[PDB]
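> What follows is the file structure.pdb, containing PDB, N, CA and C atoms:
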ATOM      1  N   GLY P   1       0.697   5.504  -1.004
ATOM      2  CA  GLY P   1       1.694   5.438  -2.095
ATOM      3  C   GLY P   1       2.797   4.432  -1.780
ATOM      4  N   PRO P   2       2.872   3.281  -2.480
ATOM      5  CA  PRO P   2       3.846   2.220  -2.199
ATOM      6  C   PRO P   2       5.311   2.681  -2.286
ATOM      7  N   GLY P   3       6.116   2.331  -1.280
ATOM      8  CA  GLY P   3       7.551   2.642  -1.207
ATOM      9  C   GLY P   3       8.466   1.575  -1.822
ATOM     10  N   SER P   4       9.763   1.677  -1.524
ATOM     11  CA  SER P   4      10.800   0.691  -1.877
ATOM     12  C   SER P   4      10.580  -0.686  -1.210
ATOM     13  N   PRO P   5      11.215  -1.765  -1.716
ATOM     14  CA  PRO P   5      11.217  -3.083  -1.072
ATOM     15  C   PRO P   5      11.766  -3.049   0.365
ATOM     16  N   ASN P   6      11.307  -3.965   1.224
ATOM     17  CA  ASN P   6      11.741  -4.052   2.626
ATOM     18  C   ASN P   6      13.241  -4.404   2.780
ATOM     19  N   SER P   7      13.845  -5.018   1.758
ATOM     20  CA  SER P   7      15.277  -5.359   1.671
ATOM     21  C   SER P   7      16.173  -4.223   1.129
ATOM     22  N   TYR P   8      15.607  -3.074   0.742
ATOM     23  CA  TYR P   8      16.346  -1.890   0.277
ATOM     24  C   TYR P   8      17.340  -1.350   1.325
ATOM     25  N   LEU P   9      18.478  -0.825   0.856
ATOM     26  CA  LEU P   9      19.516  -0.170   1.660
ATOM     27  C   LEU P   9      19.681   1.301   1.213
ATOM     28  N   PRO P  10      19.698   2.290   2.132
ATOM     29  CA  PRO P  10      19.556   3.712   1.797
ATOM     30  C   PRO P  10      20.901   4.383   1.458
ATOM     31  N   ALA P  11      21.640   3.800   0.513
ATOM     32  CA  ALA P  11      22.853   4.388  -0.059
ATOM     33  C   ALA P  11      22.498   5.585  -0.964
ATOM     34  N   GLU P  12      23.026   6.772  -0.640
ATOM     35  CA  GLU P  12      22.791   8.045  -1.350
ATOM     36  C   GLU P  12      21.289   8.445  -1.375
ATOM     37  N   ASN P  13      20.564   8.138  -0.290
ATOM     38  CA  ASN P  13      19.137   8.432  -0.113
ATOM     39  C   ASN P  13      18.834   9.949  -0.033
ATOM     40  N   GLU P  14      17.576  10.322  -0.275
ATOM     41  CA  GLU P  14      17.045  11.683  -0.088
ATOM     42  C   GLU P  14      17.100  12.173   1.375
ATOM     43  N   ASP P  15      16.965  13.487   1.564
ATOM     44  CA  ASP P  15      17.000  14.156   2.881
ATOM     45  C   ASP P  15      15.991  13.570   3.906
ATOM     46  N   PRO P  16      16.335  13.515   5.211
ATOM     47  CA  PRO P  16      15.540  12.831   6.241
ATOM     48  C   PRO P  16      14.377  13.678   6.801
ATOM     49  N   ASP P  17      14.164  14.884   6.268
ATOM     50  CA  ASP P  17      13.081  15.814   6.639
ATOM     51  C   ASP P  17      11.845  15.691   5.714
ATOM     52  N   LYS P  18      11.754  14.584   4.952
ATOM     53  CA  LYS P  18      10.628  14.202   4.076
ATOM     54  C   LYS P  18      10.484  15.135   2.855
ATOM     55  N   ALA P  19      11.618  15.573   2.304
ATOM     56  CA  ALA P  19      11.709  16.331   1.053
ATOM     57  C   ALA P  19      11.277  15.519  -0.192
ATOM     58  N   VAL P  20      11.029  16.216  -1.310
ATOM     59  CA  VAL P  20      10.795  15.656  -2.658
ATOM     60  C   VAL P  20       9.552  14.734  -2.710
ATOM     61  N   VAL P  21       8.405  15.273  -2.291
ATOM     62  CA  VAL P  21       7.104  14.580  -2.282
ATOM     63  C   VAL P  21       6.445  14.698  -3.665
ATOM     64  N   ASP P  22       6.904  13.870  -4.608
ATOM     65  CA  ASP P  22       6.457  13.839  -6.014
ATOM     66  C   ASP P  22       6.523  12.418  -6.638
ATOM     67  N   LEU P  23       6.785  11.399  -5.810
ATOM     68  CA  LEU P  23       6.889   9.984  -6.186
ATOM     69  C   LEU P  23       5.529   9.259  -6.093
ATOM     70  N   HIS P  24       5.520   7.961  -6.431
ATOM     71  CA  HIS P  24       4.415   6.991  -6.224
ATOM     72  C   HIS P  24       3.233   7.151  -7.212
ATOM     73  N   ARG P  25       3.408   7.938  -8.283
ATOM     74  CA  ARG P  25       2.354   8.310  -9.251
ATOM     75  C   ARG P  25       1.873   7.120 -10.097
ATOM     76  N   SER P  26       0.556   6.944 -10.193
ATOM     77  CA  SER P  26      -0.116   5.916 -11.012
ATOM     78  C   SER P  26       0.054   6.137 -12.533
ATOM     79  N   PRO P  27      -0.014   5.076 -13.365
ATOM     80  CA  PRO P  27       0.003   5.185 -14.829
ATOM     81  C   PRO P  27      -1.323   5.752 -15.409
ATOM     82  N   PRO P  28      -1.319   6.297 -16.642
ATOM     83  CA  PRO P  28      -2.521   6.761 -17.352
ATOM     84  C   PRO P  28      -3.627   5.702 -17.493
ATOM     85  N   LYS P  29      -4.890   6.152 -17.522
ATOM     86  CA  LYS P  29      -6.086   5.303 -17.730
ATOM     87  C   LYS P  29      -6.035   4.541 -19.069
ATOM     88  N   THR P  30      -6.444   3.269 -19.051
ATOM     89  CA  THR P  30      -6.531   2.374 -20.227
ATOM     90  C   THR P  30      -7.853   1.579 -20.201
ATOM     91  N   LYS P  31      -8.970   2.294 -19.997
ATOM     92  CA  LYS P  31     -10.333   1.751 -19.843
ATOM     93  C   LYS P  31     -11.386   2.657 -20.496
ATOM     94  N   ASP P  32     -12.488   2.051 -20.947
ATOM     95  CA  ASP P  32     -13.679   2.720 -21.499
ATOM     96  C   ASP P  32     -14.871   2.602 -20.519
ATOM     97  N   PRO P  33     -15.603   3.698 -20.231
ATOM     98  CA  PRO P  33     -16.642   3.730 -19.192
ATOM     99  C   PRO P  33     -17.967   3.053 -19.596
ATOM    100  N   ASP P  34     -18.196   2.818 -20.893
ATOM    101  CA  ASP P  34     -19.415   2.242 -21.465
ATOM    102  C   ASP P  34     -19.092   1.295 -22.635
ATOM    103  N   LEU P  35     -19.717   0.113 -22.634
ATOM    104  CA  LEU P  35     -19.560  -0.968 -23.621
ATOM    105  C   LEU P  35     -20.906  -1.673 -23.862
ATOM    106  N   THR P  36     -21.017  -2.453 -24.938
ATOM    107  CA  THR P  36     -22.138  -3.386 -25.141
ATOM    108  C   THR P  36     -21.863  -4.725 -24.429
ATOM    109  N   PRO P  37     -22.901  -5.454 -23.965
ATOM    110  CA  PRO P  37     -22.721  -6.790 -23.395
ATOM    111  C   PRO P  37     -22.218  -7.809 -24.431
ATOM    112  N   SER P  38     -22.597  -7.652 -25.706
ATOM    113  CA  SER P  38     -21.998  -8.373 -26.837
ATOM    114  C   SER P  38     -20.478  -8.171 -26.903
ATOM    115  N   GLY P  39     -20.006  -6.925 -26.768
ATOM    116  CA  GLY P  39     -18.589  -6.571 -26.668
ATOM    117  C   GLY P  39     -17.861  -7.245 -25.494
ATOM    118  N   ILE P  40     -18.472  -7.282 -24.306
ATOM    119  CA  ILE P  40     -17.964  -8.044 -23.150
ATOM    120  C   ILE P  40     -17.753  -9.529 -23.493
ATOM    121  N   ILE P  41     -18.758 -10.204 -24.060
ATOM    122  CA  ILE P  41     -18.662 -11.624 -24.429
ATOM    123  C   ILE P  41     -17.612 -11.841 -25.534
ATOM    124  N   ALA P  42     -17.536 -10.947 -26.526
ATOM    125  CA  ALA P  42     -16.498 -10.951 -27.563
ATOM    126  C   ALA P  42     -15.066 -10.845 -26.993
ATOM    127  N   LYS P  43     -14.816  -9.966 -26.005
ATOM    128  CA  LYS P  43     -13.532  -9.869 -25.277
ATOM    129  C   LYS P  43     -13.124 -11.187 -24.612
ATOM    130  N   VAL P  44     -14.074 -11.889 -23.980
ATOM    131  CA  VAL P  44     -13.827 -13.191 -23.332
ATOM    132  C   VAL P  44     -13.566 -14.295 -24.367
ATOM    133  N   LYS P  45     -14.367 -14.360 -25.440
ATOM    134  CA  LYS P  45     -14.173 -15.288 -26.577
ATOM    135  C   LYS P  45     -12.829 -15.088 -27.297
ATOM    136  N   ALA P  46     -12.335 -13.852 -27.360
ATOM    137  CA  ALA P  46     -11.014 -13.497 -27.888
ATOM    138  C   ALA P  46      -9.839 -13.808 -26.930
ATOM    139  N   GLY P  47     -10.114 -14.150 -25.669
ATOM    140  CA  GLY P  47      -9.103 -14.373 -24.623
ATOM    141  C   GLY P  47      -8.476 -13.092 -24.060
ATOM    142  N   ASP P  48      -9.060 -11.925 -24.357
ATOM    143  CA  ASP P  48      -8.555 -10.591 -24.001
ATOM    144  C   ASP P  48      -9.052 -10.099 -22.621
ATOM    145  N   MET P  49      -9.943 -10.858 -21.962
ATOM    146  CA  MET P  49     -10.517 -10.560 -20.641
ATOM    147  C   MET P  49     -10.990 -11.842 -19.937
ATOM    148  N   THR P  50     -10.762 -11.931 -18.624
ATOM    149  CA  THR P  50     -11.288 -13.014 -17.771
ATOM    150  C   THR P  50     -12.821 -12.990 -17.673
ATOM    151  N   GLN P  51     -13.433 -14.165 -17.463
ATOM    152  CA  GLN P  51     -14.847 -14.294 -17.079
ATOM    153  C   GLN P  51     -15.176 -13.496 -15.805
ATOM    154  N   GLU P  52     -14.269 -13.486 -14.821
ATOM    155  CA  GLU P  52     -14.395 -12.719 -13.571
ATOM    156  C   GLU P  52     -14.627 -11.218 -13.818
ATOM    157  N   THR P  53     -13.743 -10.567 -14.583
ATOM    158  CA  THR P  53     -13.836  -9.127 -14.900
ATOM    159  C   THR P  53     -15.025  -8.822 -15.818
ATOM    160  N   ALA P  54     -15.281  -9.699 -16.788
ATOM    161  CA  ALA P  54     -16.414  -9.614 -17.705
ATOM    162  C   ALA P  54     -17.762  -9.612 -16.973
ATOM    163  N   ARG P  55     -17.985 -10.592 -16.093
ATOM    164  CA  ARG P  55     -19.162 -10.674 -15.214
ATOM    165  C   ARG P  55     -19.326  -9.393 -14.392
ATOM    166  N   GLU P  56     -18.241  -8.937 -13.771
ATOM    167  CA  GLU P  56     -18.188  -7.697 -12.992
ATOM    168  C   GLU P  56     -18.711  -6.487 -13.776
ATOM    169  N   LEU P  57     -18.242  -6.297 -15.016
ATOM    170  CA  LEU P  57     -18.714  -5.227 -15.892
ATOM    171  C   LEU P  57     -20.198  -5.380 -16.259
ATOM    172  N   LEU P  58     -20.656  -6.594 -16.581
ATOM    173  CA  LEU P  58     -22.062  -6.877 -16.907
ATOM    174  C   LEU P  58     -23.024  -6.622 -15.731
ATOM    175  N   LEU P  59     -22.617  -6.943 -14.498
ATOM    176  CA  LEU P  59     -23.357  -6.629 -13.270
ATOM    177  C   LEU P  59     -23.526  -5.109 -13.049
ATOM    178  N   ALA P  60     -22.605  -4.286 -13.562
ATOM    179  CA  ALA P  60     -22.706  -2.825 -13.558
ATOM    180  C   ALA P  60     -23.563  -2.240 -14.708
ATOM    181  N   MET P  61     -23.864  -3.018 -15.758
ATOM    182  CA  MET P  61     -24.611  -2.561 -16.954
ATOM    183  C   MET P  61     -26.049  -3.117 -17.075
ATOM    184  N   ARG P  62     -26.388  -4.224 -16.397
ATOM    185  CA  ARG P  62     -27.754  -4.783 -16.342
ATOM    186  C   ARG P  62     -28.777  -3.860 -15.651
TER     187      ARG P  62
ATOM    188  N   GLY M   1     -25.770 -39.985  -1.987
ATOM    189  CA  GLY M   1     -24.761 -40.605  -1.102
ATOM    190  C   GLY M   1     -23.489 -39.768  -0.990
ATOM    191  N   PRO M   2     -22.408 -40.314  -0.391
ATOM    192  CA  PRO M   2     -21.172 -39.574  -0.104
ATOM    193  C   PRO M   2     -20.368 -39.143  -1.343
ATOM    194  N   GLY M   3     -20.490 -39.880  -2.456
ATOM    195  CA  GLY M   3     -19.843 -39.576  -3.738
ATOM    196  C   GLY M   3     -18.310 -39.477  -3.657
ATOM    197  N   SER M   4     -17.745 -38.460  -4.310
ATOM    198  CA  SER M   4     -16.300 -38.189  -4.416
ATOM    199  C   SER M   4     -15.673 -37.564  -3.156
ATOM    200  N   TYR M   5     -16.480 -37.233  -2.135
ATOM    201  CA  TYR M   5     -16.084 -36.450  -0.955
ATOM    202  C   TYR M   5     -15.431 -35.111  -1.392
ATOM    203  N   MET M   6     -14.347 -34.696  -0.728
ATOM    204  CA  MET M   6     -13.514 -33.535  -1.078
ATOM    205  C   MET M   6     -12.212 -33.950  -1.807
ATOM    206  N   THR M   7     -12.119 -35.210  -2.256
ATOM    207  CA  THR M   7     -10.882 -35.856  -2.733
ATOM    208  C   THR M   7     -10.872 -36.026  -4.258
ATOM    209  N   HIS M   8     -11.617 -36.998  -4.801
ATOM    210  CA  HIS M   8     -11.547 -37.384  -6.227
ATOM    211  C   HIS M   8     -11.972 -36.246  -7.177
ATOM    212  N   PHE M   9     -11.243 -36.078  -8.286
ATOM    213  CA  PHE M   9     -11.551 -35.134  -9.372
ATOM    214  C   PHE M   9     -12.945 -35.361  -9.990
ATOM    215  N   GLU M  10     -13.560 -34.298 -10.514
ATOM    216  CA  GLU M  10     -14.814 -34.339 -11.281
ATOM    217  C   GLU M  10     -14.848 -33.236 -12.359
ATOM    218  N   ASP M  11     -15.244 -33.594 -13.586
ATOM    219  CA  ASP M  11     -15.450 -32.654 -14.693
ATOM    220  C   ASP M  11     -16.889 -32.101 -14.644
ATOM    221  N   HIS M  12     -17.090 -31.095 -13.787
ATOM    222  CA  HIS M  12     -18.410 -30.620 -13.338
ATOM    223  C   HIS M  12     -19.299 -30.038 -14.455
ATOM    224  N   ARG M  13     -18.727 -29.481 -15.530
ATOM    225  CA  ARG M  13     -19.482 -28.870 -16.642
ATOM    226  C   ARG M  13     -19.909 -29.938 -17.664
ATOM    227  N   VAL M  14     -20.901 -30.739 -17.270
ATOM    228  CA  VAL M  14     -21.525 -31.810 -18.077
ATOM    229  C   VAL M  14     -22.416 -31.288 -19.222
ATOM    230  N   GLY M  15     -22.857 -30.025 -19.142
ATOM    231  CA  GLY M  15     -23.724 -29.364 -20.128
ATOM    232  C   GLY M  15     -25.226 -29.536 -19.858
ATOM    233  N   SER M  16     -26.017 -28.549 -20.283
ATOM    234  CA  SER M  16     -27.477 -28.469 -20.100
ATOM    235  C   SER M  16     -28.200 -28.434 -21.466
ATOM    236  N   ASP M  17     -28.707 -27.278 -21.901
ATOM    237  CA  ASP M  17     -29.405 -27.071 -23.180
ATOM    238  C   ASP M  17     -29.224 -25.649 -23.770
ATOM    239  N   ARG M  18     -28.385 -24.795 -23.162
ATOM    240  CA  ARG M  18     -28.047 -23.456 -23.688
ATOM    241  C   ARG M  18     -27.097 -23.547 -24.889
ATOM    242  N   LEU M  19     -27.388 -22.766 -25.926
ATOM    243  CA  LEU M  19     -26.560 -22.592 -27.130
ATOM    244  C   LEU M  19     -26.473 -21.110 -27.539
ATOM    245  N   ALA M  20     -25.546 -20.790 -28.445
ATOM    246  CA  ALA M  20     -25.211 -19.417 -28.822
ATOM    247  C   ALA M  20     -26.351 -18.702 -29.583
ATOM    248  N   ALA M  21     -26.828 -17.577 -29.045
ATOM    249  CA  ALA M  21     -27.852 -16.724 -29.660
ATOM    250  C   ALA M  21     -27.404 -16.144 -31.019
ATOM    251  N   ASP M  22     -28.317 -16.104 -31.990
ATOM    252  CA  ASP M  22     -28.088 -15.535 -33.325
ATOM    253  C   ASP M  22     -28.621 -14.086 -33.392
ATOM    254  N   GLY M  23     -27.920 -13.168 -32.719
ATOM    255  CA  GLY M  23     -28.282 -11.752 -32.571
ATOM    256  C   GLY M  23     -27.717 -11.115 -31.293
ATOM    257  N   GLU M  24     -28.210  -9.918 -30.958
ATOM    258  CA  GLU M  24     -27.869  -9.186 -29.726
ATOM    259  C   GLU M  24     -28.353  -9.889 -28.427
ATOM    260  N   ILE M  25     -27.804  -9.467 -27.283
ATOM    261  CA  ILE M  25     -28.019 -10.072 -25.951
ATOM    262  C   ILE M  25     -28.235  -9.001 -24.866
ATOM    263  N   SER M  26     -29.031  -9.323 -23.846
ATOM    264  CA  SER M  26     -29.053  -8.573 -22.576
ATOM    265  C   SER M  26     -27.759  -8.763 -21.778
ATOM    266  N   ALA M  27     -27.406  -7.789 -20.932
ATOM    267  CA  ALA M  27     -26.327  -7.946 -19.943
ATOM    268  C   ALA M  27     -26.636  -9.032 -18.896
ATOM    269  N   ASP M  28     -27.914  -9.263 -18.564
ATOM    270  CA  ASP M  28     -28.364 -10.383 -17.721
ATOM    271  C   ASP M  28     -28.123 -11.758 -18.388
ATOM    272  N   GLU M  29     -28.520 -11.906 -19.658
ATOM    273  CA  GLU M  29     -28.276 -13.118 -20.466
ATOM    274  C   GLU M  29     -26.781 -13.418 -20.629
ATOM    275  N   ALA M  30     -25.969 -12.379 -20.830
ATOM    276  CA  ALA M  30     -24.518 -12.495 -20.930
ATOM    277  C   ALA M  30     -23.872 -13.176 -19.697
ATOM    278  N   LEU M  31     -24.363 -12.933 -18.469
ATOM    279  CA  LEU M  31     -23.878 -13.607 -17.246
ATOM    280  C   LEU M  31     -23.962 -15.143 -17.361
ATOM    281  N   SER M  32     -25.098 -15.643 -17.867
ATOM    282  CA  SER M  32     -25.332 -17.072 -18.122
ATOM    283  C   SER M  32     -24.433 -17.623 -19.243
ATOM    284  N   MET M  33     -24.201 -16.837 -20.304
ATOM    285  CA  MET M  33     -23.343 -17.222 -21.437
ATOM    286  C   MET M  33     -21.870 -17.426 -21.061
ATOM    287  N   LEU M  34     -21.317 -16.641 -20.122
ATOM    288  CA  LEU M  34     -19.914 -16.753 -19.686
ATOM    289  C   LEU M  34     -19.537 -18.183 -19.245
ATOM    290  N   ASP M  35     -20.446 -18.872 -18.547
ATOM    291  CA  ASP M  35     -20.257 -20.239 -18.048
ATOM    292  C   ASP M  35     -20.078 -21.286 -19.170
ATOM    293  N   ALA M  36     -20.660 -21.050 -20.356
ATOM    294  CA  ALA M  36     -20.613 -21.974 -21.499
ATOM    295  C   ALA M  36     -19.374 -21.806 -22.420
ATOM    296  N   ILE M  37     -18.639 -20.691 -22.325
ATOM    297  CA  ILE M  37     -17.473 -20.376 -23.179
ATOM    298  C   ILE M  37     -16.332 -21.396 -22.989
ATOM    299  N   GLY M  38     -15.682 -21.797 -24.086
ATOM    300  CA  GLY M  38     -14.499 -22.667 -24.095
ATOM    301  C   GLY M  38     -13.885 -22.851 -25.489
ATOM    302  N   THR M  39     -12.773 -23.594 -25.556
ATOM    303  CA  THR M  39     -12.025 -23.880 -26.802
ATOM    304  C   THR M  39     -11.877 -25.397 -26.994
ATOM    305  N   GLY M  40     -10.680 -25.976 -26.822
ATOM    306  CA  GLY M  40     -10.448 -27.424 -26.909
ATOM    307  C   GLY M  40     -10.454 -27.939 -28.352
ATOM    308  N   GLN M  41     -11.614 -28.422 -28.801
ATOM    309  CA  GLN M  41     -11.856 -29.017 -30.121
ATOM    310  C   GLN M  41     -12.778 -28.152 -31.014
ATOM    311  N   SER M  42     -13.006 -26.885 -30.639
ATOM    312  CA  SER M  42     -13.928 -25.960 -31.321
ATOM    313  C   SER M  42     -13.453 -25.468 -32.699
ATOM    314  N   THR M  43     -12.175 -25.661 -33.039
ATOM    315  CA  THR M  43     -11.560 -25.235 -34.307
ATOM    316  C   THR M  43     -10.380 -26.161 -34.685
ATOM    317  N   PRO M  44     -10.236 -26.579 -35.960
ATOM    318  CA  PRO M  44      -9.153 -27.465 -36.397
ATOM    319  C   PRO M  44      -7.786 -26.753 -36.408
ATOM    320  N   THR M  45      -6.737 -27.460 -35.978
ATOM    321  CA  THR M  45      -5.346 -26.969 -35.921
ATOM    322  C   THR M  45      -4.340 -28.124 -35.802
ATOM    323  N   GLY M  46      -3.091 -27.884 -36.221
ATOM    324  CA  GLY M  46      -1.943 -28.766 -35.949
ATOM    325  C   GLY M  46      -1.346 -28.608 -34.543
ATOM    326  N   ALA M  47      -1.699 -27.539 -33.816
ATOM    327  CA  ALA M  47      -1.263 -27.282 -32.442
ATOM    328  C   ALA M  47      -1.790 -28.322 -31.423
ATOM    329  N   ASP M  48      -1.084 -28.476 -30.300
ATOM    330  CA  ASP M  48      -1.442 -29.366 -29.184
ATOM    331  C   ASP M  48      -0.997 -28.806 -27.812
ATOM    332  N   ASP M  49      -1.582 -29.341 -26.733
ATOM    333  CA  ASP M  49      -1.327 -28.954 -25.331
ATOM    334  C   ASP M  49      -0.146 -29.742 -24.704
TER     335      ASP M  49
END
Will you turn the file into structure tokens for me?

Amino acid sequence: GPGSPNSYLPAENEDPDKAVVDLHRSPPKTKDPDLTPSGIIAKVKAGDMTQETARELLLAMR
Amino acid sequence: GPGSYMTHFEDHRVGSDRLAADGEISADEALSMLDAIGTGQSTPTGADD
């Protein structure tokens, strides 16, 4: 779980006994588990996805 | 021969004989299609680079 920047200063910081373990949480999912290969090529033609990520998804569906 | 070495620029995508399919595609065929995608002069506009 990624912390604060290395240049941070601990003014009014939390307790030194490692209290309040509820930080570092990831954002909600924004992906679909199944697509058509036509849909992959359409995303790239629309500029909405890189060729790199598109190829990666197609290698998982072939 | 030695050609451009690692120095001089080259526009490597000279083109072959692949064109856009009129229908559905395999996920294998789609890998080959990604290399041919581009814009440039593909649609008329007043915009410029």
> Residues of chain M near chain P: apply a cut-off of 7 Å, count all atoms listed in the file, and supply the list as a PyMOL selection string.
chain M and resi 24-28+30-31+34+37
> Keeping only N, CA and C atoms, write those residues as a PDB file, in the coordinates of the input.

ATOM      1  N   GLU M  24     -28.210  -9.918 -30.958  1.00  0.00           N
ATOM      2  CA  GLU M  24     -27.869  -9.186 -29.726  1.00  0.00           C
ATOM      3  C   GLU M  24     -28.353  -9.889 -28.427  1.00  0.00           C
ATOM      4  N   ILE M  25     -27.804  -9.467 -27.283  1.00  0.00           N
ATOM      5  CA  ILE M  25     -28.019 -10.072 -25.951  1.00  0.00           C
ATOM      6  C   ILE M  25     -28.235  -9.001 -24.866  1.00  0.00           C
ATOM      7  N   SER M  26     -29.031  -9.323 -23.846  1.00  0.00           N
ATOM      8  CA  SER M  26     -29.053  -8.573 -22.576  1.00  0.00           C
ATOM      9  C   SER M  26     -27.759  -8.763 -21.778  1.00  0.00           C
ATOM     10  N   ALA M  27     -27.406  -7.789 -20.932  1.00  0.00           N
ATOM     11  CA  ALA M  27     -26.327  -7.946 -19.943  1.00  0.00           C
ATOM     12  C   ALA M  27     -26.636  -9.032 -18.896  1.00  0.00           C
ATOM     13  N   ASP M  28     -27.914  -9.263 -18.564  1.00  0.00           N
ATOM     14  CA  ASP M  28     -28.364 -10.383 -17.721  1.00  0.00           C
ATOM     15  C   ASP M  28     -28.123 -11.758 -18.388  1.00  0.00           C
ATOM     16  N   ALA M  30     -25.969 -12.379 -20.830  1.00  0.00           N
ATOM     17  CA  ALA M  30     -24.518 -12.495 -20.930  1.00  0.00           C
ATOM     18  C   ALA M  30     -23.872 -13.176 -19.697  1.00  0.00           C
ATOM     19  N   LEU M  31     -24.363 -12.933 -18.469  1.00  0.00           N
ATOM     20  CA  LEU M  31     -23.878 -13.607 -17.246  1.00  0.00           C
ATOM     21  C   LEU M  31     -23.962 -15.143 -17.361  1.00  0.00           C
ATOM     22  N   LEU M  34     -21.317 -16.641 -20.122  1.00  0.00           N
ATOM     23  CA  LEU M  34     -19.914 -16.753 -19.686  1.00  0.00           C
ATOM     24  C   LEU M  34     -19.537 -18.183 -19.245  1.00  0.00           C
ATOM     25  N   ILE M  37     -18.639 -20.691 -22.325  1.00  0.00           N
ATOM     26  CA  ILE M  37     -17.473 -20.376 -23.179  1.00  0.00           C
ATOM     27  C   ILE M  37     -16.332 -21.396 -22.989  1.00  0.00           C
TER      28      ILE M  37
END
> Work out how far atom C of residue P:28 is from atom N of residue P:46, in Å to one decimal.
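A separation of 23.6 Å between them.
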> Distance atom N of residue P:3-atom N of residue P:24, one decimal place?
7.7 Å
> To one decimal in Å, tell me the separation between atom CA of residue P:43 and atom N of residue M:48.
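Distance between the two atoms: 22.9 Å.
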> Select, from M:45, M:40, M:33, M:5, the residue with the minimum atom-to-atom distance to residue M:19, counting only N, CA and C atoms.
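Distance minimum relative to residue M:19 lands on M:33.
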